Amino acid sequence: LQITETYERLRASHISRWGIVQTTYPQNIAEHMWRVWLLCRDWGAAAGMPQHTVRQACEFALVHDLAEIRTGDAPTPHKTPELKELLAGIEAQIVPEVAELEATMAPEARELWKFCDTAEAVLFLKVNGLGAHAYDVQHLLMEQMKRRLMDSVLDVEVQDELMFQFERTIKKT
């Protein structure tokens, strides 16, 4: 069950996202993690977040979905509380080092990472989603991203900077 080899970790590029949504091509978790890392780096710096917080979010962004090399990438609505608790233990066996980073992550770094994880999905579907259901998922994810940020421990000024950067970015995507 545990992922221990580089040949297995390289299969991040063989893991297809958007399993229940029509898209122009099958996006993999490697390109997703690189783009989430990029957003953490750029938007964490734009929001004036502490260097240690941005570094922690970037480090997590690069490996955060590695358990999907075994589990597959399940659609967010499927992950109900009872399923997520079972998945938490399974993912801890698959990628113990990722579980350790997750357990150490400061709340501010977690909120920067989660904002970027969701923003990357909205930005991806803006270009590559096909059809009414994909349109609805893109808009639902944007609504969820905003609500989570608004209710987060991030300072209002930081939330505003993140939304300022997100809106500017999606307009040119």
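One-based numbering along the sequence shown.
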Practice task
Averaging the C-alpha B factors as listed in the entry, name the stretch that ends up higher: 41-49 or 110-118.
Solution key: 41-49
Problem - Which of 128-136 and 100-108 has higher mean CA B factor, as the PDB entry lists it - result: 100-108
Completion exercise
Among 70, 147, 64, 35, the highest C-alpha B-factor in the PDB entry belongs to 147
Exercise for the section: Just say lowest, middle or highest third for the CA B-factor of residue 153 relative to the other modelled residues in its chain. Expected result: highest
Practice task
Name the third of the chain's ranked CA B-factors that contains residue 3, choosing lowest, middle or highest.
Solution key: middle
